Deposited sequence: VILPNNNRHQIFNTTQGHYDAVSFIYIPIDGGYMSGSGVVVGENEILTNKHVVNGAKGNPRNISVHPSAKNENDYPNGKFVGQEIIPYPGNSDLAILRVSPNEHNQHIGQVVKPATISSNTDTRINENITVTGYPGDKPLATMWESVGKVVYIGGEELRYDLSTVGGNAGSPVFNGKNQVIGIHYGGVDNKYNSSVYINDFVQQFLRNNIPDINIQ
């Protein structure tokens, strides 16, 4: 949702630095979302995003580092298996197949570093980076703000997001993923799945190369 803090800027060097793992999701109209590469064959996104495929992961296209609708520098990877988080939060792993050159998604971009969240606190400056639907299709935007709430598996912030941002990584100042954006409440806050210790266990047990720091 759009909040009084609406500080959003387009990313152009989408294959460089921590942006390469940020991914555009397209599911045939169409729905679109966001996600983040975190392992050799794996992205994180929302349940409500992968649910749009109606049980067929092959309906999901993942474009890591997408720059615009005519510029997918790392091509696409097709959904292979949906692994929902068992807990009551909007988090899923999407395992993708290798591409047409037999490259794995976590070989073409550097998988994102996950935060242990040992230091994460309210008032901390963060970003949410992904593919908002008010902007041109498949353009990457970074939104700037602060954490306002941490509780259980919920982390909320005062920065603006728009439909299409679902699944976007929430980055701390070290460019580590602290949460996965899922939506918000008009005029109040936006919300993410907080990567707490239980979420970290789920990641380790499904993504053996997960990099938690």
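Judged by missing C-alpha atoms, the one gap in the deposited chain sequence falls at residues 29-31.
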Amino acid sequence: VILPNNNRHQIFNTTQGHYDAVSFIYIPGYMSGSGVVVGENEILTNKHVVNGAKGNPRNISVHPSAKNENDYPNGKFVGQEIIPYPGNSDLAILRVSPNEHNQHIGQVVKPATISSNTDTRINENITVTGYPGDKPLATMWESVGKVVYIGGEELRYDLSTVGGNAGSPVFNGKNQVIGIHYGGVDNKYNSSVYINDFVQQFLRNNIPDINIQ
From here on, numbers count along this sequence of modelled residues.
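The question of which stretch, 154-162 or 47-55, has the higher mean Cα B factor is settled in favour of 47-55.
The mean Cα B-factor in the deposited entry runs higher for 73-81 than for the other of 125-133 and 73-81.
The PDB entry assigns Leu3 a C-alpha temperature factor belonging to the middle third of its chain's modelled residues. Sort the chain's modelled residues by C-alpha temperature factor and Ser191 lands in the lowest third, per the entry. Ranked by Cα temperature factor within the chain, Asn205 sits in the highest third according to the deposited record. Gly145: CA B factor in the middle third of modelled residues in this chain (values from the PDB entry). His181: CA B factor in the lowest third of modelled residues in this chain (values from the PDB entry).
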